[PDB]
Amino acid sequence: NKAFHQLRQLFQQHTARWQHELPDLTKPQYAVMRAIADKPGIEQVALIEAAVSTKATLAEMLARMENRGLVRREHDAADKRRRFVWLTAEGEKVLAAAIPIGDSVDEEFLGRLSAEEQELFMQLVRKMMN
């Protein structure tokens, strides 16, 4: 009966489908790779907002991604705290295969709305944000 409760229901159903179709790439991981491909060499701090995570969660996720050869990083010579992120060629393949999968999972729920309903749903979400 609460709005944010039903939002948790919808988000859990989406996560459940995402788990089945993309078992090795969660939605936060997918958003990070997508934001790196949208801006190769993006600075790690700007990647926090671009992928909707946190400084600590992004650092742990990027470390695991380069452990698996999916991303590579370079450092600011004047400030080693500043890092820039690229996808490797293997990371570009992992992302390219996952995009039509993730799109179909998003479509299972969004496709239940008309174009006007989709545009309106995004206007309301934008209105509630800070």
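For every residue, the number given is its place in the sequence shown, counted from 1. So that the term is clear: the rigid core is the largest set of C-alpha atoms that superpose within 1.5 Å between two forms.
S.K.: Core-aligned, RMS over all structures and residues: is 43 to 51 or 57 to 65 the stretch with the greater C-alpha displacement in 5 other deposited structures of this protein?
M.R.: Higher average C-alpha offset in 5 other deposited structures of this protein goes to 43 to 51.
S.K.: So, looking at the entry's B-factor column for Cα atoms, which has the higher mean, 75 to 83 or 23 to 31?
M.R.: Higher of the two, by average CA B-factor, is 75 to 83.
S.K.: If you rank the chain by CA B-factor, which third does residue 41 end up in: lowest, middle or highest?
M.R.: CA B-factor rank for residue 41: highest third.
S.K.: Sort the modelled residues of this chain by their C-alpha B factor and say whether residue 57 lands in the lowest, middle or highest third.
M.R.: Within its chain, residue 57 is a lowest-third residue by C-alpha B-factor, going by the deposited values.
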